[PDB]
Structures are given as structure tokens and as C-alpha cells.
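Trainee: First the structure, then my questions, so here it is.
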Amino acid sequence: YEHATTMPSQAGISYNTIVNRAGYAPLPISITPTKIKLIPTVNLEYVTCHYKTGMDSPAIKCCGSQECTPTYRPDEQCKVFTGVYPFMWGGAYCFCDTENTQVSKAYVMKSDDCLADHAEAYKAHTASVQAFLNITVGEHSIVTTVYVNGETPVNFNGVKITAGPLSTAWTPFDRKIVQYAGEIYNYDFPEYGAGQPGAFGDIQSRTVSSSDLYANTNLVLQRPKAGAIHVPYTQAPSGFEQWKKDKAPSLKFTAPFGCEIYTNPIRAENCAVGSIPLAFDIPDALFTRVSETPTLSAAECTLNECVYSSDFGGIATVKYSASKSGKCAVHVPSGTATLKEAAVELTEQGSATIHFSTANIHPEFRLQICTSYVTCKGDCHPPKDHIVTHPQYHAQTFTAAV
Ligand SMILES: *[C@@H]1O[C@H](CO)[C@@H](O)[C@H](O)[C@H]1NC(C)=O
């Protein structure tokens, strides 16, 4: 039997329903998503880190000419400064006053700490939603991880569960993101091969172990001081450091819909966004006839207490006269009231207690119970505290009138 019902995509809050037919007893169904995960399809564009400016030892020729011998290292600068007269701890290096030459060259390379202190620049394409759910059908219970795509089923005990596509496809990650120190940032980093100096991406590598290294650090050499041996260089300050100094708070403190953000895998969890269109294919063999189950006759309902509140502040007693003692389900076919409990136990004729949370100030709802239903009605009072530390349990509704 094919049944389908939208389930609000809230983490920690439960959801209940009853599936029934003209000659088959109510079969309860309960769902509880303990963690809804939003993994995006992601690939690595590069990794960046602090640079370090390596530099070959100056090659000094005493009154002889030199040449800018080229090598091919990242962001290389090579220059042949003439008219030098260097000094060491032992005195003047050369005897010719003029015509001495010093060839000096400098280059960029990855910091020694880049293997463990680096930022990963990624592109995030599309979303994949998977949720850890607790599903019960007529006391057949399962705890699973369902891939929310409408395709992948979870088929334990013969009932086939399919969690349709997340109704409002949405991600907190833009197309192009960055990971650093276990925090995910939305940042339009330069494409590989366009990194500009003094900003994020000044040095880049396709992988942490990649041989290639593009560097654009605005490296330019200056002539050394007379009587000193060294390689002067003025360079744009490390763009990665500047990004660290100047960056907005991570998505874990700015993401919409209250999403939590985690980094392995890159993902967002507990996004209170949209709803999951669950579809349940219940086998014909799991249904039970109305005759077998406890049948209720001549029930009455009364709200012995009502506190219009986020939690289950509403209490109602049902006086029952059952045909045979046992257990059976209880529900409200309406968004007015959401029940804490799924089923109750009955002993011939007596009373039972139902907990619920409500939106209506003047509540009235049909409590469906054990192959019957009773019209519960009453007046309800406001709650105590202005602010509470948990999310809503009761479906909001327009009617809150006198
Ligand atoms: C779901 O099942 C798991 C089983 O480990 C349990 O720990 C968790 O509390 C259950 N959640 C609810 C309230 O259904």
C-alpha cells in the first residue's frame, strides 16, 4: 500500500501519523530525524599557505663580469649588481675597487609548515542530503541513514521508505568556498593562475604535495648596501596572513537557517529548511483487521489543563469504554495540536491521558483514537516565559481569535 506524507525537516523533533482503511485497524507510523546532513559535491582547486622567500647565496666575482644565469623557480628574480665591494668577517672580499660583480637571485616557495597549516580552496557544485532517521511502523522499528534523493530506499522489514528530494533545494555554500582550521568560508578566491599579490591565493598549489607552485608575490630586488653581502628584496606581505587578519566569521556563525558547519566531509547539518516528502510502501501483510485490535466505544474528552506553549503544555483526559483491554494508537488529523505520545493502554472502561502542544488560543480538535474519534474542545491560557530554549513542537495556524 502506497502512502505519502510530508515530514518537516527539523532535527530532534518527532513526527507521527496513522494509516487506516475501512476494514483495517490503525497502523501507527513514527519518524524522528536525529541529524539531517547537507553534503555538497566538492572538488579541490588548490591549497595556499604562507610563503617563504628562498634566495641563492650571492655569487661574487672580483673585477669580472657575470651573467643572469636563468633557472625556472616560482616568481624568480635574478639581477647582476655591478660596482660592489663586499666585506666579510675577515675583511674585504675583493681587491679591485670597481668592476666587482654580485649576481643575486630570489624566489618563492611553500612554507615549511604548509604541510599542516594551509587553506584549501574548493568549488562546491551540487547538494546531497542524507539524514539519520528513527522509523517505526506498528512496533517494527529501525534506525538507519536514508539518502534523501527520492531514489535510494531503505527496505527493512518489508516496508519501503523513500525520502523524496528536499522540497526547497538550497545550500549555505556558494559555488566557491575555502576551508581553514576546521572552518568553512565563502570567498571568491582567484582562479588557479590568476592569483594577485598581497591577497588570498598569492601562492597556490594544485595539491599539498604537488610539484608545481605558481607564485605572484611582486618580488623585486634592490641593490645591496656597500660593504655588505646579502640579497635585498621587497615583497608584498603574505596574502594568506592578510586573509587571516581580515576575514568575516565562518559559515558556522553566519549560515542561514541555523545550519551547523563541519569540515570532514565539508557539510552543513541541522538546517531547519523546507520539508522531506516521505513516501512509505507498506506491505499488505502488515495491516491488521479492525476486529482484532481494541475497539473503542462511547468516548468523551476534556482538556483538564491547557498551556499554549512551545512544549507539550496541554493535557487532556479521554474517558473510554473499550471492548477489550490492550494498547492502541492516538492522533490528531489536523495541524491544530501535536501529540507527545503515539499510543496508549486501555483497561475496559476508564480514563487515559494525552499530552499535546497547541497553537489555538481557543483549541478544538478531533482526537482520533482506536477506531474512533472524539471532539476535544476547550479554552487555553498563555505560557509563563517569554523566551524558551527549544524549538516549536506545534504547527502554527492562523486562528488565534477570541
Ligand atoms: C533514535 O534511535 C537512537 C538509537 O541509538 C537513539 O539513541 C535516539 O535517542 C533515538 N531518537 C529518538 C528520540 O527517537
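Letters for chains follow the order of the C-alpha cells (A, B, ...), residue numbers begin at 1 for each chain, and ligand numbers begin at 1 in the order shown.
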List all protein, DNA and RNA residues that have an atom no more than 10 Å from any atom of ligand 1, counting only C-alpha atoms and all ligand atoms, and report them as a VMD selection string.

Mentor: chain A and resid 12 to 15 30 to 35 132 to 136 141 to 144

Trainee: Output N, CA, C and O atoms of each residue in that selection to a file, as a compact mmCIF listing (two decimals), in the first residue's frame.

Mentor:
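Saved to selection09.txt:
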```txt
# COMPACT_ATOMS: atom_id res chain seq x y z
N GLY A 12 15.61 16.66 15.67
CA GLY A 12 15.28 16.45 17.07
C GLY A 12 13.79 16.34 17.33
O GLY A 12 13.38 15.72 18.31
N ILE A 13 12.98 16.94 16.47
CA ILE A 13 11.53 16.92 16.65
C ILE A 13 10.97 15.69 15.95
O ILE A 13 11.42 15.32 14.86
N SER A 14 9.99 15.05 16.58
CA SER A 14 9.41 13.83 16.04
C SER A 14 8.21 14.16 15.15
O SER A 14 7.76 15.30 15.05
N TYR A 15 7.69 13.12 14.48
CA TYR A 15 6.51 13.25 13.65
C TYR A 15 5.78 11.91 13.66
O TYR A 15 6.41 10.86 13.62
N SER A 30 5.82 6.39 12.88
CA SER A 30 6.55 7.46 13.54
C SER A 30 7.91 7.64 12.90
O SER A 30 8.58 6.66 12.54
N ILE A 31 8.32 8.89 12.76
CA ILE A 31 9.60 9.27 12.19
C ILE A 31 10.28 10.24 13.14
O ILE A 31 9.61 11.03 13.82
N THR A 32 11.61 10.17 13.20
CA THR A 32 12.39 11.10 14.02
C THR A 32 13.75 11.29 13.35
O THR A 32 14.61 10.40 13.41
N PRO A 33 13.97 12.42 12.66
CA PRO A 33 15.30 12.69 12.10
C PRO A 33 16.25 13.26 13.14
O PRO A 33 16.10 14.42 13.54
N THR A 34 17.23 12.46 13.56
CA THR A 34 18.13 12.92 14.61
C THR A 34 19.24 13.81 14.06
O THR A 34 19.83 14.59 14.82
N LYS A 35 19.55 13.72 12.77
CA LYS A 35 20.57 14.56 12.17
C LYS A 35 20.40 14.56 10.67
O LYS A 35 20.61 13.53 10.02
N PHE A 132 19.93 10.80 9.27
CA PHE A 132 19.81 9.66 10.18
C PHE A 132 18.42 9.70 10.78
O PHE A 132 18.01 10.70 11.38
N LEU A 133 17.62 8.66 10.50
CA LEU A 133 16.19 8.69 10.90
C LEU A 133 15.82 7.49 11.77
O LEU A 133 16.41 6.41 11.57
N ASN A 134 14.86 7.67 12.69
CA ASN A 134 14.34 6.54 13.50
C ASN A 134 12.92 6.28 13.00
O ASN A 134 12.07 7.15 13.20
N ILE A 135 12.68 5.13 12.37
CA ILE A 135 11.34 4.91 11.74
C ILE A 135 10.65 3.71 12.39
O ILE A 135 11.25 2.62 12.42
N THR A 136 9.43 3.90 12.89
CA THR A 136 8.66 2.82 13.48
C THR A 136 7.35 2.69 12.74
O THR A 136 6.73 3.69 12.39
N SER A 141 10.51 -1.30 14.36
CA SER A 141 11.32 -0.10 14.49
C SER A 141 12.68 -0.31 13.85
O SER A 141 13.21 -1.42 13.85
N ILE A 142 13.24 0.77 13.30
CA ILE A 142 14.53 0.75 12.64
C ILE A 142 15.21 2.10 12.83
O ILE A 142 14.55 3.14 12.92
N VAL A 143 16.53 2.08 12.90
CA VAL A 143 17.36 3.28 12.94
C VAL A 143 18.36 3.17 11.80
O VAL A 143 19.18 2.24 11.77
N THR A 144 18.28 4.10 10.85
CA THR A 144 19.01 3.97 9.60
C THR A 144 19.54 5.33 9.17
O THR A 144 19.30 6.35 9.81
```

Trainee: With the cut-off set at 9 Å and counting only C-alpha atoms, tabulate each residue of range 78-180 of chain A with an atom at most that distance from an atom of range 286-301 of chain A, showing the nearest atom pair and its distance in Å to one decimal, ordered by chain and increasing number, as JSON lines.

Mentor:
```
{"residue": "A:138", "atom": "CA", "partner": "A:286", "partner_atom": "CA", "distance": 8.2}
{"residue": "A:158", "atom": "CA", "partner": "A:286", "partner_atom": "CA", "distance": 8.7}
{"residue": "A:159", "atom": "CA", "partner": "A:286", "partner_atom": "CA", "distance": 8.7}
```

Trainee: With only C-alpha atoms as the counted atoms, please give the residues lying no more than 12 Å from residue 391 in chain A, apart from itself and same-chain residues fewer than 5 positions off, as a PyMOL selection string.

Mentor: chain A and resi 10-14+258+272+309-312

Trainee: Smallest atom-to-atom distance to residue 323 in chain A: which of A:278, A:370, A:273, A:266, using only C-alpha atoms?

Mentor: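 Counting only C-alpha atoms, the residue closest to residue 323 in chain A is A:370.
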
Trainee: Using DSSP on the backbone coordinates, identify all residues within range 137-367 of chain A classified as alpha helix (DSSP H); present the result as a PyMOL selection string.

Mentor: chain A and resi 239-245

Trainee: Could you write out that same residue set with N, CA, C and O atoms as a short mmCIF file (atom, residue, chain, number, x, y, z; two decimals), in the first residue's frame?

Mentor:
```cif
data_model
loop_
_atom_site.label_atom_id
_atom_site.label_comp_id
_atom_site.auth_asym_id
_atom_site.auth_seq_id
_atom_site.Cartn_x
_atom_site.Cartn_y
_atom_site.Cartn_z
N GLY A 239 49.68 37.15 1.40
CA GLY A 239 48.24 37.31 1.26
C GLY A 239 47.46 36.41 2.19
O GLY A 239 46.36 36.76 2.62
N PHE A 240 48.00 35.23 2.49
CA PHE A 240 47.31 34.33 3.40
C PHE A 240 47.23 34.93 4.80
O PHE A 240 46.19 34.83 5.47
N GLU A 241 48.31 35.56 5.26
CA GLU A 241 48.27 36.24 6.55
C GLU A 241 47.25 37.37 6.54
O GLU A 241 46.52 37.55 7.52
N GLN A 242 47.20 38.14 5.46
CA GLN A 242 46.24 39.24 5.39
C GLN A 242 44.82 38.71 5.41
O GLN A 242 43.94 39.29 6.06
N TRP A 243 44.57 37.61 4.71
CA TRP A 243 43.25 36.99 4.74
C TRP A 243 42.90 36.53 6.15
O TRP A 243 41.76 36.68 6.60
N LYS A 244 43.88 35.96 6.87
CA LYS A 244 43.63 35.57 8.25
C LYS A 244 43.29 36.78 9.11
O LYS A 244 42.38 36.72 9.94
N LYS A 245 44.02 37.88 8.93
CA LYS A 245 43.74 39.08 9.72
C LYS A 245 42.37 39.66 9.37
O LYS A 245 41.63 40.09 10.25
#
```

Trainee: Would you kindly return, as a PyMOL selection string, each protein, DNA or RNA residue with an atom no farther than 10 Å from any atom of residue 215 in chain A, considering only C-alpha atoms and excluding same-chain residues fewer than 5 positions away?

Mentor: chain A and resi 51+73-76+107-110+193-197+201-205

Trainee: Taking only range 122-255 of chain A into account, list the residues labelled strand (DSSP E or B) by DSSP (computed from the backbone), as a VMD selection string.

Mentor: chain A and resid 122 to 137 140 to 148 154 160 to 163 176 to 180 183 to 186 203 to 205 214 to 215 220 to 221 233 to 234

Trainee: Would you work out the distance separating CA of residue 1 in chain A from CA of residue 137 in chain A, expressed in Å to one decimal?

Mentor: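 Between these atoms lies a distance of 13.2 Å.
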
Trainee: Any idea what the distance is between CA of residue 84 in chain A and CA of residue 70 in chain A?

Mentor: 21.4 Å

Trainee: What does the distance between CA of residue 170 in chain A and CA of residue 120 in chain A come to in Å, to one decimal place?

Mentor: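 CA of residue 170 in chain A sits 22.9 Å away from CA of residue 120 in chain A.
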
Trainee: So which one's closest to residue 94 in chain A, A:354, A:257, A:206, A:64? Using only C-alpha atoms, please.

Mentor: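 Looking at the shortest contact to residue 94 in chain A, the residue is A:64.
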
Trainee: Can you tell me, as a list in words, what residues are no more than 12 Å from residue 169 in chain A when counting only C-alpha atoms, ignoring any on the same chain fewer than 2 positions away?

Mentor: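 With the cut-off at 12 Å, the set is residues 38, 40, 126, 127, 128, 129, 148, 149, 164, 165, 166, 167, 171, 172, 271, 273, 274, 275 and 276 of chain A.
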